[PDB]
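I have placed the structure first, in the form of structure tokens, so that the comments after it can refer back to it.
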Amino acid sequence: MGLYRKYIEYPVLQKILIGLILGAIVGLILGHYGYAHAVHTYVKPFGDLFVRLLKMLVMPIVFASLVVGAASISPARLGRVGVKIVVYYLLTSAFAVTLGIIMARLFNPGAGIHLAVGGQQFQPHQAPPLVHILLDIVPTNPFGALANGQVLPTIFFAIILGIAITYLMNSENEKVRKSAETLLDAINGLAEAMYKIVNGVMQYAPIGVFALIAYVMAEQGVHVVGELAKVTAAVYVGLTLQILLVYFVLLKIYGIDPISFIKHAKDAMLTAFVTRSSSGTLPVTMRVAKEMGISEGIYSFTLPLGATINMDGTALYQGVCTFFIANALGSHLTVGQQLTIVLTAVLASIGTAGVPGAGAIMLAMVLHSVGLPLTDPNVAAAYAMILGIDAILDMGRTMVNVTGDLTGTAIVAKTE
Ligand SMILES: N[C@@H](CC(=O)O)C(=O)O
Numbered sequence: 069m070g071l072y073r074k075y076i077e078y079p080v081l082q083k084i085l086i087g088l089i090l091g092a093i094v095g096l097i098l099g100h101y102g103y104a105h106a107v108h109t110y111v112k113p114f115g116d117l118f119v120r121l122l123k124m125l126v127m128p129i130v131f132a133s134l135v136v137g138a139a140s141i142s143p144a145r146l147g148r149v150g151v152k153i154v155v156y157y158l159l160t161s162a163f164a165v166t167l168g169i170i171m172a173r174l175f176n177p178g179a180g181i182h183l184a185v186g187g188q189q190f191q192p193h194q195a196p197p198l199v200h201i202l203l204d205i206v207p208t209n210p211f212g213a214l215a216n217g218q219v220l221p222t223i224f225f226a227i228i229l230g231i232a233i234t235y236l237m238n239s240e241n242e243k244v245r246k247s248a249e250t251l252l253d254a255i256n257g258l259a260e261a262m263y264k265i266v267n268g269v270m271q272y273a274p275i276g277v278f279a280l281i282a283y284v285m286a287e288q289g290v291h292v293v294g295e296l297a298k299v300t301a302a303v304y305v306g307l308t309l310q311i312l313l314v315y316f317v318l319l320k321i322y323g324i325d326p327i328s329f330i331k332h333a334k335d336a337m338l339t340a341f342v343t344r345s346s347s348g349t350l351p352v353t354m355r356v357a358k359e360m361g362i363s364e365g366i367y368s369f370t371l372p373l374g375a376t377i378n379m380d381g382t383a384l385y386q387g388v389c390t391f392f393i394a395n396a397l398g399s400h401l402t403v404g405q406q407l408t409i410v411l412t413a414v415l416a417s418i419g420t421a422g423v424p425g426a427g428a429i430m431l432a433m434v435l436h437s438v439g440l441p442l443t444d445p446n447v448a449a450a451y452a453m454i455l456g457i458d459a460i461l462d463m464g465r466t467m468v469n470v471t472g473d474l475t476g477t478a479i480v481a482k483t484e
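Be aware that the sequence shown starts at 69, since it is given in the working numbering, and climbs by one per residue.
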């Protein structure tokens, strides 16, 4: 239909990278000239539409793919991949915080800076009592959990419904077996339709990449100056090492080619870089794991679980910025406090939601754990400096958050 058909036949990765580079350059240029408000007014809704189109698909691609994803045997294989993915999700985050501590000791973020105290003293952090957090996994209404966001109760109900369906398909009665296979066929048709709409929105994706990274560079790309450049380098070098020294080694020792893995997962990594949402990149992540031959029983359970639980980049970010704040305050922060940093940033990354900007909010817990409260002005002043470039750090940490889920899914699928 004209120039549109000439634009469609271009390969998706090439125009996604073209939108990435032409968003970064245009955003830096327009942000240096004070045109951040014009970008936020005009350019940003073209990326907001992309995040809306990605979040539209999330619930029918979790529920309908996990009901069909109970095609493996119900106790044995699902319990084995649940344990094998929970051990991976804890160990990679516990290494990610330690790599953040190593990179925050190599660099020195907040190397003796002194700063004024005029920012707002934000919020003393209080956690929910953790029996409500666990008891809210079981939903009191499955349709209410499907309508109110709530990926984590939807995982539980979809696992239960799929196990019940595969018990009904082995029944002696004929009407119950035909009804169960008709329900499974309809749910699988919904899942395949959603995987087609993922390919539909990945053609709009270059405009969304351009309009998202241009807005991010226009607002916050010019504030990366001074020691904020040091903490940005200490975060991004740490994320690069979190990929290369953890994920590539764990892919190599399990017989998976890491370069072919990156060639399969580029469409998920470059989407999570700009959308900054590990729960909005979930349809693209499930499409990537579908394309690389992973069976549905592995990825349909491990990826919506890993969208919230496995956050290695958020863990490394909370490991680095805690050292940044404790260096701006002048604290010694001994190894008995660094082990509590390792213990608390893992729980803070587990508790961090997949929306953009939640890691800076959940940083208050790992701040409060070591004896740096957020209520005093001298800590909140240094914490506002991290909130100045939270989006720049979030762009990389979300990509590492999604790459961790994909690496764990591929490793556990190679284990079976
Ligand atoms: N935006 C991050 C979470 C965070 O660190 O705030 C993610 O969803 O992966």
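All residues carry an ideal CB built from backbone N, CA and C; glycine is no exception.
- For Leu-397, there is no enclosing alpha helix (DSSP H), since its DSSP letter is neither H nor E.
- Spatial neighbours of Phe-391 in its own chain (CB-CB distance under 6 Å, excluding positions within 5 residues in sequence) are listed in chain order as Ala-172.
- The C-alpha of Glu-240 is placed about 51 Å away from the C-alpha of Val-342.
- If you measure from each CB to the nearest heavy atom of ligand 1, the residues under 6 Å come out as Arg-344, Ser-345, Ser-346, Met-379, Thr-382, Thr-420, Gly-422, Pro-424, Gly-425, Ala-426, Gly-427, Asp-462, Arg-465, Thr-466, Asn-469.
- In the structure shown, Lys-112 adopts coil according to DSSP, grouped into three states.
- Straight through space, the alpha carbons of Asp-473 and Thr-234 are spaced by roughly 27 Å.
- Contact check for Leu-338 and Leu-88: beta-carbon distance about 7 Å, within the 8 Å limit, so the pair qualifies.
- Per the C-alpha coordinates, the member of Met-430, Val-438, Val-284, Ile-393 positioned closest to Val-403 is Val-438.
- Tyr-283 places its beta carbon less than 8 Å from that of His-108.
- The continuous alpha helix (DSSP H) containing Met-262 extends over residues 242-269.
- Closest in alpha carbon position to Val-293, among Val-277, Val-244, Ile-460, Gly-425, is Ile-460.
- Here the stretch 322-329 does not lie against the stretch 451-459, with fewer than 3 beta-carbon pairs under 8 Å apart.
- Judged by DSSP in its simplified three-state form, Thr-339 adopts helix.
- Contact check for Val-135 and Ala-226: beta-carbon distance about 5 Å, within the 8 Å limit, so the pair qualifies.
- For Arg-73, the three-state secondary structure derived from DSSP is helix.
- Around the C-beta of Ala-428, 16 or more other C-beta atoms lie within 10 Å, and the residue is accordingly described as buried.
- When the alpha-carbon of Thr-208 is set against those of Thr-222, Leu-198, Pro-197, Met-124, the nearest one is in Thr-222.
- Around the beta-carbon of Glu-287, 16 or more other beta-carbon atoms lie within 10 Å, marking it buried.
- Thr-475 is positioned such that its CB atom lies no closer than 8 Å to that of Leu-350.
- Look at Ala-195 here: in three-state DSSP terms it is coil, with no helix or strand label.
- If the five residues before and after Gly-365 are omitted, its C-beta is found closer than 8 Å to the C-beta atoms of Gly-137, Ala-138, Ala-139, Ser-140, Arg-145, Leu-146, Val-149, all from its own chain and listed in chain order.
- Cβ contact annotation for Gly-422 (same chain, cutoff 7 Å, sequence separation greater than five): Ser-345, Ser-346, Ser-347, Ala-375, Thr-376, in chain order.
- DSSP, read as helix, strand or coil, puts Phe-225 in helix.
- With a beta-carbon spacing of about 21 Å, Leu-258 and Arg-245 fall beyond the 8 Å limit used to define contacts.
- In this structure, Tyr-156 is the residue among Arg-120, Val-410, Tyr-156, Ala-104 with its C-alpha nearest to the C-alpha of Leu-373.
- Between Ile-311 and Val-468, the C-beta spacing is below 8 Å.
- Distance from the CA of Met-127 to the CA of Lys-264, rounded to the nearest whole angstrom, comes to 15 Å.
- Burial state of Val-206 is exposed, judged by a 10 Å Cβ sphere holding fewer than 16 other Cβ atoms.
- A residue is called buried once 16 or more other Cβ atoms fall within 10 Å of its Cβ, and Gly-306 is buried on that count.
- By the CB criterion at 8 Å, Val-165 and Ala-383 fall inside the cutoff.
- Here the alpha carbon of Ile-84 sits roughly 36 Å from the alpha carbon of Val-434.
- Taking 8 Å as the cut-off, the Cβ atoms of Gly-425 and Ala-279 do not count as close.
- Apart from sequence neighbours up to five positions away, the residues of its chain that approach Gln-386 with a beta-carbon distance below 6 Å are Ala-413, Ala-416, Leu-431, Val-434, ordered along the chain.
- For a cut-off of 8 Å, the C-beta gap from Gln-188 to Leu-442 is around 11 Å, too long to register as a contact.
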